[PDB]
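Chains as they are written, first to last, in full-length UniProt numbering: chain A, 19 to 53; chain B, 19 to 118, 135 to 172, 186 to 272, 284 to 316, 324 to 388, 391 to 659, 698 to 727, 731 to 753.
One structure is given here, and the rest of the page talks about it.
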Amino acid sequence: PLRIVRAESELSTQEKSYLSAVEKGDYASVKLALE
Amino acid sequence: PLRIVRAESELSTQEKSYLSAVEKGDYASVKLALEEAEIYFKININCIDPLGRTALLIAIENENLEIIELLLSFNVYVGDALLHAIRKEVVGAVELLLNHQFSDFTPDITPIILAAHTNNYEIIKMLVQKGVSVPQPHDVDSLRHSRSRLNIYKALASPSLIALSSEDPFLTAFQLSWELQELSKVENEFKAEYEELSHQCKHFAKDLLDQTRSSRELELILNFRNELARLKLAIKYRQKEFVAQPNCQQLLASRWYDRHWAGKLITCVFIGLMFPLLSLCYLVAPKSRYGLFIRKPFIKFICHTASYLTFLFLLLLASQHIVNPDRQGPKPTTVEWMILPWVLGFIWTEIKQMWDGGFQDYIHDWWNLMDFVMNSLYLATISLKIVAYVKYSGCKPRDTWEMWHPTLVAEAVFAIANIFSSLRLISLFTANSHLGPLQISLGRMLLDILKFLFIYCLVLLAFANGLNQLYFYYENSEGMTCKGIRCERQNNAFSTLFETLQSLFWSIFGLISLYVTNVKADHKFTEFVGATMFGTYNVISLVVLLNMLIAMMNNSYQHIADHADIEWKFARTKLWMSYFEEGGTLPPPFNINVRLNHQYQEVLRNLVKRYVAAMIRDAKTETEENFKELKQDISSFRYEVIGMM
Ligand SMILES: Cn1c(=O)n(CCCO)c(=O)c2c1nc(Oc1ccc(/N=N/c3ccccc3)c(OC(F)(F)F)c1)n2Cc1ccc(Cl)cc1
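Listed below in structure tokens is the structure:
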């Protein structure tokens with residue numbers, strides 16, 4: 019069969035770096051994000 | 019034994035240190051080692067370690083992305099590294115590898147199939163966002192034809208894949224679990240894996256239904272597509299786990315019922338006493354005062370039970386001496404005239420149930436063949452009676468009648484018929500919480516008894532053959548007014564095959580005396596042989612055969628009684644749902698979607714979202733939740749030290 023996503027939207031491109039920074043633990047980069 | 023290494027080789031003297039540096043995570047050493055761009059001193063970046071691991075695959079094993087990217091920038095050969103990253107469940111490696135003869139994977143395995151096998155939500159969604167398709171399940188090298196078919200069914204039966212690529216996850220789980228169960232019967236070599244795959248599909252529907260927050264959602268899921287349409291659909295697919303769920307069981311019990326031990330039996334008896342009052346009230350005027358009172362399923366169930374116990378009463382009253392002597396070809400008495408409406412109602416119910424199903428799944432159950440036999444016997448009884456009434460007359464002593472007389476056969480068949488009528492009442496035990504589970508697990512271990520009959524009957528026939536062959540030359544019939552073993556002086560136990568077959572059955576209970584092995588002659592050798600074979604039959608059947616029939620029933624009772632509450636609840640709801648409709652509210656004695702889709706999908710989206718959230722964000726802990737805490741602390745330390753300088 020052919021499968022496609024069902025009712026799921028994409029978030030963003032820039033915010034991926036912010037999420038990775040808040041996940042890993044880089045305190046400098048996250049502070050740059052909220053600046 | 020001067021052993022040697024057979025069928026192998028040696029890697030190198032230089033690349034061993036490079037592989038070690040890759041393993042230790044040294045960024046600078048492996049960066050300078052790879053800097054031999056287009057001018058190499060005979061060092062292969064595609065070297066394979068003695069265990070088969072490669073430098074690119076080594077970094078995947080530690081999910082360290084820096085050397086992964088460094089290797090990828092130099093165009094190292096991948097081949098199947100994406101499959102390894104998918105199998106090891108590394109999101110970063112899959113992200114990096116998604117945009118750029136010996137294999138340890140089966141040739142028909144595709145990345146989507148393996149990703150669905152690992153049941154990782156992130157990787158499956160990532161692959162689906164790019165656009166993939168699994169071959170449909172729909186012979187020359189049959190070993191890999193069955194393996195390929197099994198793999199695609201394992202990927203299809205995964206909660207992660209169903210949750211994001213199915214129009215209705217509540218429906219694709221019913222059908223796929225059904226066909227997985229019936230596919231384990233045509234492929235008997237893999238029946239232990241197909242049936243364990245179907246069992247996990249039944250749990251998925253129950254878990255998805257477990258996420259309801261309010262009774263508004265629950266009544267909308269089961270009423271999709284007159285009333286409780288989807289709930290009856292789950293019963294058809296034999297979804298015992300889905301049906302036997304507490305939240306829906308509560309609603310079903312609320313519909314059923316619409324007090325202490327001495328406060329419930331007394332009022333049940335009180336209601337059952339006036340059975341023929343609010344049954345004639347129904348025919349006279351279906352008003353809310355009395356006509357609608359019997360519409361309650363609990364009241365209707367009591368009416369049908371008390372009306373059946375009444376039938377069993379005057380059935381017991383037809384054998385009394387008070388109510391047509393020993394006359395030949397008699398007319399029916401006053402009891403039989405009252406019996407006739409019950410038989411007619413039962414026959415009418417069986418007739419209206421016969422064509423409602425077309426003998427498919429209608430006679431396949433054990434509780435319908437017995438009913439059919441009962442009505443057949445009753446019909447034979449009435450036919451024999453009416454036949455004998457019109458061709459026989461005159462008062463004659465009963466002792467002088469010849470056997471096979473129509474009246475005698477009629478009463479014998481009637482006596483046989485009402486044994487099944489009283490034994491059918493055992494089917495009502497499933498409505499009581501105490502005798503319910505006991506009765507359900509009673510008829511389930513009975514199927515294991517039927518397999519010992521196949522050896523018991525063989526032993527019986529084997530010994531009967533020898534006993535008859537030995538004793539058939541000594542039979543006599545002079546001086547014997549009575550003949551057989553059903554006599555005060557048993558004389559001819561082993562004379563014929565029909566007598567030998569039933570004189571060995573009565574010896575199980577010890578009702579055959581020891582002098583039946585004697586002959587009217589001074590032949591001690593044959594008598595001893597016959598006694599020895601009789602004793603050997605006694606030992607085998609009573610000390611060995613019947614001793615190990617119970618030796619497995621308790622060892623099979625353990626498996627049956629494990630999930631003994633789901634089966635009982637399924638039986639009880641099957642019984643309940645037969646009293647929820649109109650058409651049967653008449654005891655046998657007195658019988659003779699544009700917006701619906703909108704709401705359903707908007708509820709189902711929330712249900713699926715809650716299920717997936719509770720499945721990913723609440724399963725990392727189920731020890732592993734604190735493993736990433738140390739990694740977070742170490743990463744923060746590393747970032748602080750690196751950025752400070
Ligand atoms: C089957 N039967 C039998 O039909 N009648 C009726 C004959 C006419 O009424 C017996 O009277 C009888 C009997 N069985 C025994 O006693 C045993 C029990 C177990 C034996 N062996 N067990 C095993 C178990 C494991 C391995 C090996 C042997 C055994 O040894 C034997 F003879 F080989 F069976 C004899 N008696 C009583 C009897 C005994 C001896 C004698 Cl001289 C006369 C009568």
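A virtual CB, placed ideally from N, CA and C, is assigned to each residue, including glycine.
Beta-carbon gap between residue i and residue j smaller than 8 Å
i                      : j      : result
B:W643                 : B:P362 : yes
B:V410                 : B:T401 : no
B:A531                 : B:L578 : no
B:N64                  : B:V94  : yes
B:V168                 : B:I146 : yes
B:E737                 : A:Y45  : no
B:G510                 : B:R639 : no
B:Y355                 : B:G396 : no
B:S488                 : B:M441 : yes
residue 389 of chain B : A:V40  : Missing from the coordinates is residue 389 of chain B; the shown part of chain B jumps over it, going from 388 to 391.
B:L525                 : B:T567 : no
B:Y36                  : B:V48  : yes
B:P216                 : B:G412 : no
B:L83                  : B:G43  : no
B:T448                 : B:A484 : yes
B:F251                 : B:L197 : no
Cα-Cα separation, residue i to residue j
i                      : j      : result
B:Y540                 : B:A479 : 35 Å
B:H102                 : B:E79  : 9 Å
B:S212                 : B:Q427 : 35 Å
B:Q625                 : B:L613 : 20 Å
B:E214                 : B:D188 : 35 Å
B:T474                 : B:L446 : 14 Å
B:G546                 : B:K452 : 39 Å
A:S27                  : B:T731 : 32 Å
B:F572                 : B:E594 : 20 Å
residue 121 of chain B : B:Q569 : There are no atomic positions for residue 121 of chain B here, as chain B continues from 118 directly to 135.
B:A287                 : B:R194 : 38 Å
B:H431                 : B:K398 : 38 Å
B:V334                 : B:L309 : 26 Å
B:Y459                 : B:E469 : 13 Å
B:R263                 : B:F647 : 21 Å
B:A292                 : B:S261 : 21 Å
B:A149                 : B:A724 : 18 Å
B:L609                 : B:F519 : 13 Å
B:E727                 : B:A718 : 14 Å
B:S580                 : B:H630 : 47 Å
A:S30                  : B:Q704 : 29 Å
B:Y241                 : B:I367 : 43 Å
Closest by C-alpha distance to residue i, when choosing among the options
i                      : options                           : result
B:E417                 : B:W434, B:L342, B:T731 and B:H501 : B:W434
residue 274 of chain B : B:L244, B:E240, B:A239 and B:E33  : As shown, the structure holds no coordinates for residue 274 of chain B; chain B passes over it, running from 272 to 284.
B:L712                 : B:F657, B:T219 and B:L255         : B:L255
B:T652                 : B:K60, B:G70, B:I359 and B:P341   : B:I359
B:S574                 : B:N585, B:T603, B:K550 and B:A588 : B:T603
B:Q297                 : B:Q247, B:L203 and B:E566         : B:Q247
B:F136                 : B:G70, B:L100, B:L90 and B:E84    : B:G70
B:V108                 : B:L75, B:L444 and B:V349          : B:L75
B:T332                 : B:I364, B:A99 and B:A350          : B:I364
B:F601                 : B:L89, B:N585 and B:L616          : B:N585
B:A220                 : B:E234, B:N235, B:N622 and B:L203 : B:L203
B:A477                 : B:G461, B:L100, B:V454 and B:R105 : B:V454
B:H369                 : B:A529, B:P351, B:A210 and B:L343 : B:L343
B:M720                 : B:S205, B:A51, B:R324 and B:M620  : B:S205
Exposure of residue i, with buried meaning 16 or more beta-carbon neighbours within 10 Å
i      : result
B:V611 : exposed
B:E299 : buried
B:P464 : exposed
B:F637 : buried
B:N558 : buried
B:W314 : buried
B:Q303 : buried
B:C554 : exposed
B:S312 : exposed
B:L227 : buried
B:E33  : buried
Could you tell me which whole alpha helix (DSSP H) segments of length 4 or greater appear in the region 400-461 of chain B? Those alpha helix (DSSP H) runs which fall completely within the region 400-461 of chain B and span 4+ residues are 401-421 and 433-458.
For the region 506-564 of chain B, which segments carrying the alpha helix (DSSP H) assignment without a break, of at least 4 residues, lie completely within its bounds, in sequence order? Runs of the alpha helix (DSSP H) inside the region 506-564 of chain B: 513-538.
Quick one: which unbroken alpha helix (DSSP H) runs of 4-plus residues sit fully inside the region 553-631 of chain B? Chain order, please. Qualifying alpha helix (DSSP H) stretches, in chain order: 564-570, 591-606 and 617-627.
Quick check for students: name the residue ranges of the beta strand (DSSP E) that lie wholly in the region 26-78 of chain B, counting only runs of 3 or more. For the region 26-78 of chain B, not a single whole beta strand (DSSP E) run of length 3 or above is found.
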